[PDB]
Amino acid sequence: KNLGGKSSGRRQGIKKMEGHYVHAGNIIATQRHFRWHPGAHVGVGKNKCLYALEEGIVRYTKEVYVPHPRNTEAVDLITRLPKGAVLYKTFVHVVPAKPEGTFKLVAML
Amino acid sequence: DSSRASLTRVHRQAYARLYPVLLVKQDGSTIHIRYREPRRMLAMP
Amino acid sequence: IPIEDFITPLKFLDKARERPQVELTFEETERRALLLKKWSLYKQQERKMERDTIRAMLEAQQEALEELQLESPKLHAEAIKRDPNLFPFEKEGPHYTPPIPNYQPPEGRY
Amino acid sequence: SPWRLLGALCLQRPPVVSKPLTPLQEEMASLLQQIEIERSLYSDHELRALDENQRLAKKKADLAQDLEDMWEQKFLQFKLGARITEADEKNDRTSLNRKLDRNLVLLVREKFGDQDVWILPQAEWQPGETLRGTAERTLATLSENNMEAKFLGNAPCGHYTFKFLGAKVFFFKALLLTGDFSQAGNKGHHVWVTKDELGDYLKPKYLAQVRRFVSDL
Amino acid sequence: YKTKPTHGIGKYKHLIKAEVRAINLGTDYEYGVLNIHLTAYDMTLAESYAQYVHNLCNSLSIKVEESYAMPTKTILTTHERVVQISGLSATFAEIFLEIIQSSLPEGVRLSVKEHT
RNA sequence: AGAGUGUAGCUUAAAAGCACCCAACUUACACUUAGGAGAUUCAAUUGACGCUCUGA
Ligand SMILES: [Mg+2]
Ligand SMILES: [Mg+2]
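These protein sequence lines are chains G, E, B, P and F, in that order.
Numbered per this note's numbering, the first sequence spans residues 64 to 172.
Numbered per this note's numbering, the second sequence spans residues 482 to 526.
Numbered per this note's numbering, the third sequence spans residues 18 to 127.
Numbered per this note's numbering, the fourth sequence spans residues 5 to 221.
Numbered per this note's numbering, the fifth sequence spans residues 12 to 127.
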């Protein structure tokens, strides 16, 4: 009677952990729902994947969730909280290692 | 302080003129009630 | 059963031409706008009076059940109780004239 | 401790006549008509007064004013009862129509063995009767009438204690719906007092502060 | 993570209450639901006094569930509005009632009728 | 008479920030947007105008 349910595992979760060196475009963590939210130099795909935007070192932190005011679901969850309540979510950052370029001497004109 | 919620305004948008018509219920109870075609003296037995 | 009278009447649409003239001068708008500010300070004062008589009387009434707590431990456990007589409560507001002389009580009612 | 047991009651007469307006409020009133008139939508009184007279001008170039004349005469016919039944008497301090706009409270004279104190209505009590029952009994001992007073709860309102042997007075709140105050010129000294004369009849520090828990309006 | 001291830093449903008779148990005595009927023949006088008791309750942290109205009766239509109140303490009961008494504008009648 | 003392309603704010009032959208509340009123109790850390209490 119970047919179906033979789905394989998604193999989602963190691909690059804390402190790992990560180039631009490396997928940091694939997820199904928003477990980790993006932070500094980390983008989101259509399927909620977290890819890195700069070359750097991955850091996981906890900061205050302030949703967008057009996101009417979370704002209506924000305005039911008591007066001292602060939400938190785990954010994933990339601390950019290299600078974006130097000034090199080309030619003495 | 029976003048708190009597300084009013019809808070609708489609409403006609409403005249401060004085009404008496049965016994000499003169009460201002907004009512059309201003009578200024209304009564019921 | 959800039936109400908030519905706008159908007759209040068609003949909307009776006042196409909404104009004031400068000084009539000036004296009205001074009135809205002086009434904004006025009701702030009137609700400042009621925030006194609510707070100060509650101060006396909580100190009363503090005084009736210490000096009679069997009588402040009964002043908390509720009278069953406020269930059919009703009170008319005030008027202009306390009622009348005898009579004359007349309208044809139809 | 030796407790002289005293329960008491301030009655609150509800004002039957609403207060007159203030010079800013009548401007706040007359402004509130003019914006309401400007935002109204074609009443049938102005339909049969403005649209008709154009057409009544039309048959004459080739009535509603008589209606409004009938409404001024009856407004002046049936004359109004007095909002002020106070400026005529001015000395009948026992009257239930002493002040119609304000909050009135019973206040009588009592005489003690050591004191001669104008008093708010008191009574001795016993722990056999409930405290809401003592204030129920105060309605028909010193007043001698058939009033209908209404209490709200069982909690007190004002507590000032004085000692000689100890004593406490407990001020409760009621409200008259009606009143059959028979023989209003009684042998007592009952005065209905708004607020300012409560600082005139009750001098000492356990009686000059009854005004802190009566409604200020 | 579970094994870290920052476990449960982002949980929030214990801060949201997502989902009546007269409650006089041992000392903490409070009413059930109340209804406040205000009938007057002015829509201006009934709508504006329905606001003030709601503004009086909000300034005293008294829970107002509904503030609806029942329809009119053609006598001339009498407009009636219901203001639902829950929860008064012993000291609050006489004081919260007497201010709505001491603010009734012009010939509107109160009610502390109850549900159903 | 004595003690505690004292910034608008509150402030381990130092002339502040929240509370607060009206108007318009809202049945209403709420939100928002337009506006509104505000104080260091006076005199040189000190002394005496005001409030709270313990007394007669
Ligand atoms: Mg599976
Ligand atoms: Mg499988």
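For each residue, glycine too, the CB sits at the ideal point set by N, CA and C.
* Quick one: is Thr-511/E near chain F, going by C-beta distance under 7 Å? -> On the second sequence, residue 511/E is found 30 positions in, with the first residue counted as 1. By this cut-off, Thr-511/E is not an interface position.
* **Beta-carbon spacing of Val-21/P, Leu-108/P below 7 Å** => Translated into positions along the fourth sequence, residue 21/P becomes position 17. Translated into positions along the fourth sequence, residue 108/P becomes position 104. Not closer than 7 Å, so no.
* To do: Go ahead and label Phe-116/P buried or exposed: buried means 16 or more other beta carbons lie within 10 angstroms of its beta carbon, across all protein chains shown.
  => Working through the fourth sequence from its first residue, we reach residue 116/P at position 112. Exposed: under 16 other Cβ atoms inside 10 Å.
* Using the rule of at least 16 other Cβ atoms within 10 Å of the residue's Cβ for burial, across every protein chain shown, is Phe-174/P buried or exposed? -> Start at 1 with the first residue of the fourth sequence, and residue 174/P comes out as number 170. Buried is the call here.
* Nearest to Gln-75/G (by Cα), restricted to the options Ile-90/G, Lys-167/G and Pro-132/G -> For this step, residue 75/G is matched to residue 12 along the first sequence. Answer by Cα proximity: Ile-90/G.
* Spatial distance of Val-123/F from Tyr-60/F (CA atoms) -> In the fifth sequence, residue 123/F corresponds to position 112, counting from 1. In the fifth sequence, residue 60/F corresponds to position 49, counting from 1. Approximately 15 Å between the Cα atoms of the pair.
* Asked: Quick one: what does DSSP say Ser-99/P is sitting in, helix, strand or coil?
  -> Reading the fourth sequence from its first residue, position 95 is the one you call residue 99/P. Coil, per DSSP.
* To do: Take the Cβ of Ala-73/B as the centre, count every other Cβ of all protein chains shown within 10 Å, and call the residue buried at 16 or more, exposed below.
  => What you label residue 73/B is simply residue 56 of the third sequence in a count that begins at 1. Looking at its Cβ environment, which holds fewer than 16 other Cβ atoms inside 10 Å, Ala-73/B is exposed.
* If you run the structure through DSSP and keep just helix, strand and coil, what is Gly-189/P? -> What you label residue 189/P is simply residue 185 of the fourth sequence in a count that begins at 1. It is coil, neither helix nor strand.
* Compute the minimum distance between the beta carbon of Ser-70/G and the heavy atoms of ligand 1, and state whether it is under 6 Å. => Within the first sequence, numbered from 1, the residue matching residue 70/G stands at position 7. Yes, since a heavy atom of ligand 1 falls inside the 6 Å radius drawn around the Cβ of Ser-70/G.
* To do: Closer than 7 Å, Cβ to Cβ, to anything on chain E: give me those residues from the region 180-214 of chain P, in chain order.
  => none
* Straight-line Cα distance separating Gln-95/F from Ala-148/G -> On the first sequence, position 85 is the one that residue 148/G refers to. On the fifth sequence, position 84 is the one that residue 95/F refers to. Spanning the two alpha carbons is a distance of roughly 29 Å.
* Asked: Can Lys-172/P and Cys-161/P be called in contact, C-beta distance under 7 Å?
  -> Here residue 172/P corresponds to residue number 168 of the fourth sequence, with the count starting at 1. Here residue 161/P corresponds to residue number 157 of the fourth sequence, with the count starting at 1. For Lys-172/P and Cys-161/P, no; Cβs fall outside 7 Å.
* Please confirm if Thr-83/F has its CB atom under 7 Å from at least one CB of chain E. => Stepping through the fifth sequence from its first residue, residue 83/F is reached at position 72. Answer no: the Cβ-Cβ gap between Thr-83/F and chain E never drops below 7 Å.
* Top-ranked residue by Cα proximity to residue 62/G, from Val-107/G, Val-158/G and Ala-103/G -> Since the first and last residues shown for chain G are 64 and 172, residue 62/G lies out of range.
* **Cutoff 7 Å: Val-121/P Cβ touching any chain B Cβ** => Here residue 121/P is taken as the residue at index 117 of the fourth sequence, counted from 1. So, not an interface residue.
* Assuming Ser-487/E and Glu-117/F make a contact with CB atoms under 8 Å, what is their CB distance in whole Å? -> Counted from its first residue, the second sequence places residue 487/E at position 6. Counted from its first residue, the fifth sequence places residue 117/F at position 106. That pair is a contact at about 5 Å.
* **Closest Cα partner of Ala-104/F within the set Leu-26/F, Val-31/F and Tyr-42/F** => Here residue 104/F corresponds to residue number 93 of the fifth sequence, with the count starting at 1. The shortest Cα separation from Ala-104/F among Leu-26/F, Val-31/F and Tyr-42/F belongs to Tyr-42/F.
* So, does the CB of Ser-22/P fall closer than 7 Å to a CB anywhere in chain B? -> Here residue 22/P refers to the residue found at position 18 of the fourth sequence. Chain B, which has a Cβ nearer than 7 Å to the Cβ of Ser-22/P, makes this yes.
* Asked: By the criterion of Cβ-Cβ separation under 7 Å, what are the contact partners of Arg-143/G in chain F?
  -> In the first sequence, residue 143/G corresponds to position 80, counting from 1. By Cβ distance, chain F contributes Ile-27.
* Asked: So, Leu-504/E versus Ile-514/E, is the Cβ gap smaller than 7 Å?
  -> One-based indexing of the second sequence puts residue 504/E at position 23. One-based indexing of the second sequence puts residue 514/E at position 33. Yes, they are a contact pair.
* Asked: In chain P, which residues lie with their C-beta within 8 Å of the C-beta of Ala-497/E?
  -> One-based indexing of the second sequence puts residue 497/E at position 16. Ordered by position in chain P, the residues that pass the 8 Å Cβ test against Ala-497/E are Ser-44, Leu-45, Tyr-46, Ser-47 and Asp-48.
* Asked: Considering only the beta carbon of each residue, do residue 300/P and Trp-7/P sit closer than 7 Å?
  -> Nothing about residue 300/P can be reported from this structure: the residues present for chain P run from 5 to 221 only.
* **Cβ neighbours of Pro-159/G in the same chain (closer than 7 Å, five flanking residues each side left out)** => As a position in the first sequence, residue 159/G is number 96, starting the count at 1. Contacts found: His-104, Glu-117, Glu-118 and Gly-119.
* To do: Verify whether the separation of the beta carbon atoms of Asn-149/P and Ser-186/P is less than 7 Å.
  => Mapped onto the fourth sequence, residue 149/P falls at position 145. Mapped onto the fourth sequence, residue 186/P falls at position 182. Yes, they are a contact pair.
* Asked: Is there at least one Cβ from chain B nearer than 7 Å to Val-119/F's Cβ?
  -> Walking along the fifth sequence from the start, residue 119/F turns up at place 108. Answer yes: the Cβ-Cβ gap between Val-119/F and chain B drops below 7 Å somewhere.
* Give a yes or no on whether 7 Å exceeds the smallest Cβ distance from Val-123/F to chain B. => Taking the fifth sequence and counting its residues from 1, one reaches residue 123/F at position 112. Yes, its Cβ sits closer than 7 Å to a Cβ of chain B.
* To do: Check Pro-159/G in the structure and name its three-state DSSP category.
  => If you number the first sequence from 1, residue 159/G lands on position 96. In the structure shown, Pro-159/G sits in a strand (DSSP, three-state: E or B).
* Please work out which residues of its chain come closer than 7 Å, Cβ to Cβ, to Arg-32/F, disregarding the five sequence neighbours upstream and downstream, and give them in chain order. => Numbered from 1 along the fifth sequence, position 21 holds the residue referred to as residue 32/F. Excluding positions up to five away in sequence, the list reads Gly-43.
* Taking the alpha-carbon positions, what's the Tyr-127/B to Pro-145/G distance? -> Taking the first residue of the third sequence as 1, we reach residue 127/B at position 110. Taking the first residue of the first sequence as 1, we reach residue 145/G at position 82. Going by the C-alpha atoms only, they are around 58 Å apart.
* Going by CA-CA distance only, name the one from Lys-161/G, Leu-172/G and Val-155/G that's closest to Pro-101/G. => Position 38 of the first sequence, counted from the first residue, corresponds to residue 101/G. Considering only alpha carbons, the answer is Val-155/G.
* **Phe-154/G - partner residues in DSSP beta bridges** => Here residue 154/G refers to the residue found at position 91 when the first sequence is read from its first residue. DSSP lists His-100/G and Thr-124/G as partners of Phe-154/G.
* Quick one: grab the DSSP three-state call for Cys-68/F. => Looking up residue 68/F in the fifth sequence gives position 57. Looking at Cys-68/F - three-state DSSP - the assignment turns out to be helix.
* What number of angstroms, rounded off, separates the C-alpha of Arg-36/B from the C-alpha of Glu-42/P? -> Position 19 of the third sequence, counted from the first residue, corresponds to residue 36/B. Position 38 of the fourth sequence, counted from the first residue, corresponds to residue 42/P. Rounded to the nearest angstrom, the two C-alpha atoms are 7 Å apart.
* Quick one: grab the DSSP three-state call for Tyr-113/B. => Numbered from 1 along the third sequence, position 96 holds the residue referred to as residue 113/B. Coil at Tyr-113/B, not helix or strand.
* To do: With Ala-65/P as the anchor, note down where its alpha helix (DSSP H) starts and where it stops.
  => If you number the fourth sequence from 1, residue 65/P lands on position 61. Note, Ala-65/P: alpha helix (DSSP H), 48-65.
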